[PDB]
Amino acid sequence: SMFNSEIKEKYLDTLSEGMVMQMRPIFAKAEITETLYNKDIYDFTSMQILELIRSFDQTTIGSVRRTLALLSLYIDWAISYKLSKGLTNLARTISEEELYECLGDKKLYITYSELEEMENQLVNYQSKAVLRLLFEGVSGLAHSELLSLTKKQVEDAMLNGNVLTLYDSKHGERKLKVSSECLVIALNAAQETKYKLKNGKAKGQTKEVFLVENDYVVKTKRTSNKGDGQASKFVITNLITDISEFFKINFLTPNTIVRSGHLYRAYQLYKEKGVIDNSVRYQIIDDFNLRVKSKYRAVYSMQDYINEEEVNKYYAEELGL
């Protein structure tokens, strides 16, 4: 059950019963990875700590943090006994962005709180806007609502109870209520002239690139030579790629960010209501004014992600579980 058991038990013996309770499962799940490298956690590299935590299949940044702090404690104890080959605690060198890399590979959806933490670390308004706008529902066929979104629509929405009028390439107009944060973000994205590469830590020569000048919230790079009009769908995917590369996560797609917003709404309704059923799903369709062929078909598709299991998993902490 444990690797280097003698030493773990020596550490466990110093802990309160409640701390033993949290630590034992960590050491148990850790064994397979410790045996693979033939070394203890306290000898793991940074990269191995991130891999270790990833192997625990944890779903939220909140939980990843708690786990990292617990491991950090153990490592400090190990250093103080001179057991570690290393003199420094490598869990404490883990950056905020690198927490994201500890997320389990089953993770599909971001929570509202993770969206906000992600947004805050993203220096380009293009990045902030695409993440946020997708989460709140502006999408459409091949992201046509997002790609066609102008400064003017954003301005009008602020003066119209935050109801954006969105344009889809297929089905045309649709009204969607969004947060004031989303609108202000979009407003800034629409007037951005430069885009910092590698989320503002670009190593080499070209640290920033010029954006095309227009009134669209989503903007093509000048170097693409696609001209002054609407960006293509590939720009959306390129911007999510840049976000994903900074956080080093592989779950983030336009569909996944859209669904995350639905999932957050599901949590809000679940907190007051206590169930997630078709009535909750119909309500989510309504609240996002969701573009669907039929509502019942959409409600059926939503069973794959708008359900109690998914909500309990992603929103454990906020639900008090």
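Just count from 1 along the sequence shown to find any residue number.
Legend: mean Cα B-factor per stretch from the PDB entry, 216-224 versus 177-185; the higher mean is in 216-224.
For the pair 148-156 and 205-213, the record assigns the higher mean C-alpha temperature factor to 205-213. Within the group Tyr167, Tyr81, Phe251, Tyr125, the record's highest C-alpha temperature factor is found at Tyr81. Of the candidates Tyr264, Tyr37, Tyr42, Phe288, the deposited coordinates give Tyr37 the top C-alpha B factor.
When the CA B factors of the chain's modelled residues are split into thirds, the value for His171 lands in the highest one. Ranked against the other modelled residues of its chain, the C-alpha B-factor of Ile110 as given in the entry falls in the lowest third. The deposited CA B-factor of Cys102 belongs to the middle third of values across its chain. The deposited CA B-factor of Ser260 belongs to the lowest third of values across its chain. In this PDB entry, the Cα temperature factor of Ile75 sits in the middle third of its chain's modelled residues.
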